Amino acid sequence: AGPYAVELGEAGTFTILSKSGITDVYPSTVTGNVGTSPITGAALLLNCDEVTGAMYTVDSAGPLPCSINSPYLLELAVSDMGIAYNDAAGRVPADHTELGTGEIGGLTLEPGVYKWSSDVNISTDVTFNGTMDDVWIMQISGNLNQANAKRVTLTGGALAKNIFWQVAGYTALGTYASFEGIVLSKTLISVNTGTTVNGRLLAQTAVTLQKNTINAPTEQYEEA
């Protein structure tokens, strides 16, 4: 049900990919690969002990000892991230428009294309219900804000890898929250203290983490 998946290309191998750096208030745990490009590896400020996969940089200025000078792989990933963002933004028709006038807390969302010409807030828990094949594309022209202690909940077999948040503003998640899905942010993605994300944080500017657990989303029924 709903639209077809958004193909991520080489971006889909990263748990965090940004263009202008990754910041962190230690300690966070990122299970997956991270990278940043075209900015120097000096702007990737995670510690090698916070990443269980690979850390890629454009140069040899990134974290030691683990970072990998891999500018071409990163160029492809960053390219595919921008293709993904535009693919998601362009899907049609929208199944719902202006749902909740941008407040989605307190809703169960069926598979579909959702569009808001505003900011979107998750001020209380929000649920995504469908099977493992269903897809949600969230087209947000404002900013995406999740309130402290709130959650994106998955039911029915819904997978985080199938939920696409296309955010033309910034994405800011509060503290001690739990978030699911692929964030294709045009600008920054900020994740506040203690929050868990099962998903991918794909920002066209920077990613900022504060004591978070960031997990790549699983291929089939797991990690919850």
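In case it trips you up, residue 1 is the first one in the sequence shown, and so on.
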Fill in: Stretch exceeding the other in mean C-alpha B-factor - 89-97, 74-82
89-97
Worksheet, complete the sentence: Between 136-144 and 99-107, the record assigns the higher mean Cα B factor to 99-107
Worksheet item: Whose C-alpha has the highest temperature factor in the PDB entry: 27, 194, 157, 199?
Response: 157
Worksheet, complete the sentence: Highest CA B factor of 37, 52, 171, 175, as deposited, is found at 52
Practice prompt. Determine, from the deposited record, the chain-internal third of the Cα B-factor for residue 210: lowest, middle or highest.
Written response: lowest
Worksheet entry | Chain-relative CA temperature factor third for residue 62 | highest
Worksheet item: Based on the entry's values, in what third of the chain does the Cα temperature factor of residue 23 lie: lowest, middle or highest?
Response: lowest
Worksheet entry | residue 69 - Cα temperature factor, lowest/middle/highest third of chain | highest
Item to complete: Could you say whether, by C-alpha temperature factor, residue 31 belongs to the lowest, middle or highest third of its chain?
Response: highest
